[PDB]
Every structure is written in C-alpha cells, then in structure tokens.
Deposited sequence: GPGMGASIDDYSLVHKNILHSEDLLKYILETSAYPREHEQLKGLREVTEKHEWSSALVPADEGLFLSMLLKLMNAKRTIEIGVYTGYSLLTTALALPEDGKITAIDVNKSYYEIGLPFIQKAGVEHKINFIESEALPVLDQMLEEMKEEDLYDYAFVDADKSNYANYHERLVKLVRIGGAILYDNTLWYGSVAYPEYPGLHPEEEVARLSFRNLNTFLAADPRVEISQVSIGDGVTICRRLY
C-alpha cells in the first residue's frame, strides 16, 4: 500500500545462459564494440536506475538492429519503451526516413534516454505516445489503411497482456512483417508448470508467457522462432 521495490522481485538476478562468464564474453567481445556511443551512454545511466533489470541487453539490441536491417524495415512500432534502449537501437538501424511509433505508460522513463536519442540525431524518427498500449493499438485499427501497415513491432510492455497485444498486432503489421515478443522465457521460469516463490506480478507474467508460447506455436496466422537471446525473444512473421 502506501510506503515506498525490486527485490520484492525474485527473478531480477537470473539469466537464461549457463554462466555469467559466457554472457559477459558475448557482451565484451561482440556487443559493446559494436554499440553506438549513445546506446552506451543510455545503458550506463539506466544501469543505475531502480528498474535496470527491465533493460534490453546489448547483445539482444544488436540482434534487433540486425533483423531490422536484413528485412529493410522502414515503419515500426515500439511498445514498452522504458529509458529507450530498444527504441534508440531501432531508430539508429532504420534508414533516414524511417518512422517509429513508440508507446509507454511512463514518459518519465523516456526522458532519461531522450538526451541520448537527441544527440544521436534520430529523435525526428520517433512519435512518442504516453499511454497504455492497448487503447492506442485499438485506435490504430480504426485509423490505419493497408498502405500504413507496420513492417516491425517490438513488444516489451505489460508482461501479463501480450496475448491481447498480439490480437491487434497481427492486424497492424504487414503480411511478411515481424512481431517480436520480449522476455518469452521469463528467466527460465516458464519451463515448469509450477515455480516457487515469485512476486505475484512475476507469477502472473510467468503464466501469461506459458500460455502465450503455447498459443503462438499453434497460431496459423504466423510462423515463429523462439530465440534464446536476452530473456527469450519470439519472432513472429505474419502469413496472411
């Protein structure tokens, strides 16, 4: 209730890889040398923030950048911005005329990263909307034409609500476009029907992801690839 925290949360310090040494090797060898100076800055100030556990990591970021470039994405939607690491990643990867619709309930987080976005010279690509994501997506469904469908969506907002996001995004991303769901392995806790001692919010997210992973594997509208990078990323490609 009234009072003032993130180790009432149980999964903060876990990782899906076998050792922290392997993760550090990947980051130091392959990610940090390829990370834009302004992503480095954004990440380092986020690492001191209360919710740094939620930050998209740098090896995952370079993978998002790679996918965006390989598929020649130009119009994207970013749901769950936090301090803007995945958003700046996207903005740097897109061509100069790329356009991003960015949605987050808490703009104060975004203002932490916004100076780095500005210095990188890519703020002009970003339309930031401070809102719960689902009302925005529902309004887009009434607004958008087939000419305006998105090439790519990155989904990283309310971890209990991805299935509802998916029902909108399979209509807002073009045929052949990509929807990426972040955190679909939820620190490994999805591997069991029951799991001990999580925060109620973490447990709701865990069950949501177990149900989402099963549903997406069964969903004829997409083909999928669940990738054990970061905390699990499920790539979906719209078939019809």
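Visitor: Which regions of the deposited sequence are unaccounted for in the modelled residues, listed N- to C-terminal?
Guide: Residues missing from the model, as numbered along the full deposited sequence, span only 5 to 6.
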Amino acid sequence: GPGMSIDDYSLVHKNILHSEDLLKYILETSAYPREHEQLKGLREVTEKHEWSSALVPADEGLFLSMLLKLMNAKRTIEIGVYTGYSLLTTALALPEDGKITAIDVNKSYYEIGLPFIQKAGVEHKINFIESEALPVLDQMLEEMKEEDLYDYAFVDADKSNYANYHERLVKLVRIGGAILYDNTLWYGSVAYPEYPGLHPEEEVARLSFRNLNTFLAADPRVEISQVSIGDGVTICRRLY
From here on, numbers count along this sequence of modelled residues.
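Visitor: As stated in the PDB record, which stretch has the larger average Cα B-factor, 21 to 29 or 224 to 232?
Guide: 21 to 29 has the higher mean C-alpha B-factor.
Visitor: Averaged over C-alpha atoms, is the B-factor higher for 146 to 154 or for 84 to 92 in this PDB entry?
Guide: According to the entry, 146 to 154 carries the higher average C-alpha B-factor.
Visitor: Per the coordinate record, which of the options 141, 71, 169, 79 holds the highest CA temperature factor?
Guide: So the option with the highest C-alpha B-factor is 141.
Visitor: Could you check 39, 45, 173, 66 and tell me which one carries the biggest Cα B-factor in the deposited entry?
Guide: Of the options given, 45 has the highest CA B-factor in the PDB entry.
Visitor: If you rank every modelled residue in this chain by C-alpha B factor, which third holds residue 206: lowest, middle or highest?
Guide: As the PDB entry reports it, the C-alpha B-factor of residue 206 lands in the lowest third of its chain.
Visitor: Which third, lowest, middle or highest, does the CA B-factor of residue 163 fall in along this chain?
Guide: Lowest third.
Visitor: Which third of the chain does residue 194 land in by C-alpha B-factor: lowest, middle or highest?
Guide: For residue 194, the deposited C-alpha B-factor lands in the highest third.
Visitor: Please place residue 187 in the lowest, middle or highest third of its chain according to the CA B-factor in the PDB entry.
Guide: Tercile = middle for this residue's CA B-factor.
Visitor: Against its chain's modelled residues, does residue 60's Cα B factor rank lowest, middle or highest third?
Guide: Ranked within chain, residue 60 CA B lands in the lowest tercile.
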